[PDB]
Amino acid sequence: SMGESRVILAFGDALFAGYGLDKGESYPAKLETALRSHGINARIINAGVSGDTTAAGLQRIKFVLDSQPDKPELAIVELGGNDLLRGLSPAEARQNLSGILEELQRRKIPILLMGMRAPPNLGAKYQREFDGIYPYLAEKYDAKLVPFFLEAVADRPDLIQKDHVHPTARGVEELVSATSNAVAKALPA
């Protein structure tokens, strides 16, 4: 092909940073290679930051854009999962994401929004509220939406890293049954 590469900003959290993966295995790196098969030579800026909430993303979006030598021709925004993990307000996550998309739209950078989905642990009221923020934002900011970014691994535990292991309430009872003898013995009589 002739010419310089197309510049894409991947603005996200651990799912873009490649947490737990080797060099070149992250989603931005592998997406860059896959776009070759669409006739596209892209340079994807990996602006994933592990642990970033929507507020953290809002705090740095201007800095990240102002730091680029080449203005992004597309910005892919993937945030909200860490708000989920902290049980944070879905309303505030929507507001923070709105601020991010507003900055991109001000600069006339096209947007692809990666939809996040809440697990049932947070309850149906929270889950419905959280899930709905992404179609709302995509419509409001004329962004293209991937409705469920992790859909392709949702039924594939073999494609998910083993890392955090937080027991459920029933799992806690299991651990208590297994370890209470040791605690009782360790406590002086």
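Throughout, we count residues from 1 along the sequence that is shown.
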Stretch with the greater mean C-alpha B-factor as recorded in the entry, comparing 151 to 159 against 62 to 70: 151 to 159
On mean C-alpha B-factor from the PDB entry, just flag whether 26 to 34 or 135 to 143 is the higher one. 135 to 143
Per the entry's Cα B factor values, which of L84, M116, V77, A93 stands out as the maximum? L84
Sorting the chain's CA B-factors, does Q127 end up in the lowest, middle or highest third? middle
How does the C-alpha B factor of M2 compare with the rest of the chain: lowest, middle or highest third? highest
Can you tell me whether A42 has a C-alpha B-factor in the lowest, middle or highest third compared with the other modelled residues of the same chain? highest
Assigned third (lowest, middle, highest) for the C-alpha B factor of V165: highest
Which third of the chain holds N121 when residues are ordered by C-alpha B factor: lowest, middle or highest? highest
